[PDB]
Amino acid sequence: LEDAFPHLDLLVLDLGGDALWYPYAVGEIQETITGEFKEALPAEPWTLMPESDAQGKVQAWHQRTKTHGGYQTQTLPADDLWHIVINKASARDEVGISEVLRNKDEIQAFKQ
Amino acid sequence: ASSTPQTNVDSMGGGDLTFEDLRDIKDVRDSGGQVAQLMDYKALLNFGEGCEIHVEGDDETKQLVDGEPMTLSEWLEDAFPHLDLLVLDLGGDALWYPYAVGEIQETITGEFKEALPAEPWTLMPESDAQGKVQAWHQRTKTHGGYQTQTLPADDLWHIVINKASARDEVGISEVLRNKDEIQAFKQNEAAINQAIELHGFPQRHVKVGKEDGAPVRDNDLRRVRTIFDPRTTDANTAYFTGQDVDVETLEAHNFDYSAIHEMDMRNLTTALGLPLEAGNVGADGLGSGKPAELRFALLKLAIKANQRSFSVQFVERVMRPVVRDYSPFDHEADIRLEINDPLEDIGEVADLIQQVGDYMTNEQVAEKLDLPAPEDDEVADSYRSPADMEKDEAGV
Amino acid sequence: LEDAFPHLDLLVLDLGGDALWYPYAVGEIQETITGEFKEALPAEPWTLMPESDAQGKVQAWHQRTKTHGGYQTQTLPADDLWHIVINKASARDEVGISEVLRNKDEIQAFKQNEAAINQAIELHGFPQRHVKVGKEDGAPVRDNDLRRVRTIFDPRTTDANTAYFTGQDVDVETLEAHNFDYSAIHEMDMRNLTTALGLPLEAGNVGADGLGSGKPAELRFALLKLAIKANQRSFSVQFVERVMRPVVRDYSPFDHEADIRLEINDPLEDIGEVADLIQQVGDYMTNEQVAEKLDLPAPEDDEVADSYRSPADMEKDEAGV
Amino acid sequence: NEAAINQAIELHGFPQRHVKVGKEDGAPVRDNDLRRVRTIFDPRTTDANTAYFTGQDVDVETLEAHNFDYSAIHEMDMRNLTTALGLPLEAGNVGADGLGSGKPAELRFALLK
Amino acid sequence: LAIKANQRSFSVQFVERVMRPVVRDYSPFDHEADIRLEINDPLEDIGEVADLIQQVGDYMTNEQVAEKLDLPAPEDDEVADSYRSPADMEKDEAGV
Ligand SMILES: [Mg+2]
């Protein structure tokens, strides 16, 4: 595991930072061409949103990204992404709460 | 005596709280700001330091679970791996809401999966003449409307920290209880913010014309507004005028918003049972000596009471049913869940162990010091240090 | 008894809390269907009141409880309930005093002064803007005229750095925040309430000069500890007599006339001070006395428990032997 | 003295609003006229950040909170009562200068014992 | 306390959703093993830990001392498992 995740300190700070700012940290598992493990690749959390079933489990991920003055869109299955939620509404919440959007009023009050 | 309560229990058939009231608790909890952070701090003090499972006579329980020897404690630790997270989630819910409520979940194979917390604002209990919960009524949002369902109380479990009485199976929300202090705080906060905008900053007043002189009209003031516009003014602008232009200041008008904040925070913290210090507010004479000892003692006593209430109900309503239904072990065993003291100082424990370690078995020392007890039973059971036994054994 | 009453810590806090709020704590003994002891079941003390004979002993219990928008009433014999009284008029009083009904005046005085402070902060804690329009002895200004001025100076649309341009006959005046010492009124109210309820002032998040240190502090905390002991002893005695001994008599093979004691722990005990004591005078204490003071299980071995020198010192001498 | 302090705090511990209507030596204002002014300045319906627009002949005066040392009166009352009942002053939640320390403290606690 | 709660929430989910799938899919090892990710305490004082080790080190195995002190554990198992200091074991082995 230490050989598989050599730079886990940096990854923990990146993902943990994302999960405090955003509702989730989210990313992929990447492979070498030979099919050995390359890395856990963090995705950009502002680009991705989850689609959930009736019991609140994430089934698909919807991505919007800027290119050439427009936006590309794609949908990805939940089967090959992974995600982490620090701030939850309830123990059943897989989508989570942004501390920024939660405290948006205090943030704008401060700035004003 | 008798096998049924012969005293009555003061509620059936109504004239206790609605789904709308349950969603008011949700709104306070998700609205953020200072109220939400204080009640989160309360949840962390009560439940955030984590857990430990004790079984009395645990070694006697040694049994092959699945071709491997386990004790009941070892089985329970495998059954509930993330009990620290569950304790904080359920404990937080039971402080905010009247209850924490949830299911038992099974793998398809029929082995135990988890105790699954439900969303407490979605569920309300239906109770009999003696106040026992017979059914649970759930309301949940989907597709711009509400689904409803009734579940029997036979396959849910629930935990109440805040009781009206020792017979109350429904409980009290601290948020709905202290709703007046919460709104009083929020209203005074809004009042201070609005007052700072109007009164915290000086404002320029330009008066044009001579007193008892020629009248100045609106179009005239438009040209003066252009000359004295704060938008285009810089720090070292100089003004040249005739005698009949007066530049006046609406001053910053003094009010002690700090004192109003301290009062609001004191009212709110005392109402929620936290010390004033949790609100980022200090007080004279209270920070030191026996005054400090008393207030931090009062806090630790409140934490112990909440912890014990939770421990007992969790063991009785979650763990014992799981041991009965999914385990080879005896469900009548002495299971205890202890929740750690958040304000424990290991330096004070270490001082105690130096002073009176000569009276403690090595396992009693290891328990206080939060370590695995010695592997060797005679070493665990003896009074002198394991290192002192080693140097004497090595000498011999 | 420990098996009969597993969660006695919770029961003690529930009943003891009730007996401080209410005149009494009251409840039933309950049986499993098989006839073994189930629990002591606290009743709701606001639902029950005692009926007493000429010598003040409770003969019957009268219960009133809400259901279906009305009240059920029933009478129960005193033979199968039990009750505990902390606050008494006299040592013959079996009915007791509510501290809340006793101190009702201080409670309502506190609440009224609190409400008054809150209302006074709303009116007087913040400056208010007073725009005065017209010349003194000038033309009169009417309500419709003031509506247009109100639009110019509206606090709702004003920002922090708004500038005002006027003729000479508009005056922007201020109702200042009018100073009153709400902090001192709060301290007085909290002092009155805490002293009435017997708590030290520090319990109310209020401090006081000269009281926080030295022999002044020692006295007030000693007074608090004495009050706690008295309440604890009263509860301990009555719980053993009215709950535990009947349970031992009716559901147990043991003798009910034994010396049962319930001790309730001291909330303000410092283990560091106990440890200091054990260093200084441990040479005069049996190992069981040390274990009791230090809140440990006593030694398993009787001669080790009964001896005066440390169990570790006995082990190193047995090891030397 | 306790009842006197309580009554005095209600009357004098809080500021009160005095709206004066009309010009001095001006037109007289009658009770029915003041009822409409009362409706405008009602402390019940007022909020903290209300603003007032008037002509020159409305004066919003304040009865200030009038200073008295109720703390000192309480200390005096408590000193009298505690000394009469033979308790130290500290039993009454009241402190005193110089008495909290040294041989002064030793004497009073010795007298109690 | 707030830091501990966030750390445990992250740790648990990272092991379950990232590490265990990787152990399953790309590794010869058993994915059902007891993996833990601990995230270090930012406000820990090593002086306080060193004070504690002086006072109650006589009750700690050498590996427990090494864990608290953020060192590699002793290479020799009986040295790691024993209670008295590795230096005290050495001076007794040397005396012998
Ligand atoms: Mg003219």
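Reminder, nothing fancy here: chain letters follow the sequence lines and each chain counts from 1.
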Interatomic distance, [X] atom [atom1] to [Y] atom [atom2] [nearest 0.5 angstrom]:
| X | Y | atom1 | atom2 | value |
| --- | --- | --- | --- | --- |
| B:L298 | C:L268 | CG | CG | 7.5 Å |
| B:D351 | C:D276 | CG | CG | 9.5 Å |
| B:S311 | C:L10 | OG | CG | 9.0 Å |
| C:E44 | B:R167 | CD | CZ | 7.0 Å |
| B:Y359 | C:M285 | OH | CE | 6.5 Å |
| B:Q364 | C:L296 | CD | CG | 5.5 Å |

Do the side-chain N and O atoms of C:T47 and B:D10 include a donor-acceptor pair separated by under 3.5 angstrom?
no
Does the side chain of C:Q168 pick up a donor-acceptor pair with the side chain of B:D246 at under 3.5 Å?
yes
Heavy-atom side-chain proximity of [X] to [Y] below 4.5 angstrom:
| X | Y | answer |
| --- | --- | --- |
| C:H7 | B:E316 | yes |
| B:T7 | C:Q63 | yes |
| C:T158 | B:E197 | no |

Ordered numerically, the heavy-atom neighbours of chain B under 4.5 Å found in residues 211-220 of chain C are C:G212
Under a 4.5 Å heavy-atom cut-off, does chain C meet the side chain of B:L198, its backbone, both or neither?
both
Among [options], which residue forms the greatest number of heavy-atom pairs with chain B at distances under 4.5 Å?
| options | answer |
| --- | --- |
| C:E176, C:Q72, C:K316 | C:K316 |
| C:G138, C:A160, C:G69, C:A177 | C:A160 |
| C:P299, C:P267, C:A319 | C:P299 |
| C:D80, C:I29, C:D14, C:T174 | C:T174 |
| C:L48, C:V206, C:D250 | C:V206 |
| C:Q74, C:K38, C:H186 | C:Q74 |

Should C:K135 and B:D212 be marked as a salt bridge (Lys or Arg N to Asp or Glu O under 4.0 Å) after you check the CA-CA gap, both sets of side-chain angles, and the distance that decides it?
CA-CA 9 Å; C:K135 202 164 85 75; B:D212 308 321; 2.8 Å; yes
For the residue pair [X] and [Y], what are the closest heavy atoms and their distance?
| X | Y | value |
| --- | --- | --- |
| C:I117 | B:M263 | CG2-SD, 4.0 Å |
| B:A305 | C:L13 | CB-CD2, 3.7 Å |
| B:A195 | C:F126 | CB-CD2, 3.7 Å |

Within a radius of less than 6.0 Å around CG of C:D317, do more than 12 heavy atoms belonging to other residues, nucleotides or ligands occur?
yes
Derivation and outcome, side-chain contact (heavy atoms from CB on, under 4.5 Å), residues C:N118 and B:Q187
CA-CA 11 Å; C:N118 187 262; B:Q187 286 181 354; over 6 Å; no
Between B:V312, B:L352, B:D388, which shows the greatest number of heavy-atom pairs under 4.5 Å with chain C?
B:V312
Which of the residues B:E348, B:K207, B:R266 is involved in the greatest number of heavy-atom pairs with chain C at under 4.5 angstrom?
B:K207
Candidate pair C:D9 and B:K304, rule side-chain contact (heavy atoms from CB on, under 4.5 Å), full reasoning:
CA-CA 11 Å; C:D9 292 327; B:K304 280 181 69 162; over 6 Å; no
Keeping B:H253 on the side-chain end and C:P127 on the backbone end, is there a donor-acceptor pair under 3.5 Å?
no
Check the orientation of C:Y164 and B:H205. Use parallel for under 30°, tilted for 30 to 60°, and perpendicular for over 60°.
perpendicular
For B:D358, which residues count as a side-chain contact (heavy atoms from CB on, under 4.5 Å) partner, sequence neighbours excluded?
C:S310, C:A312
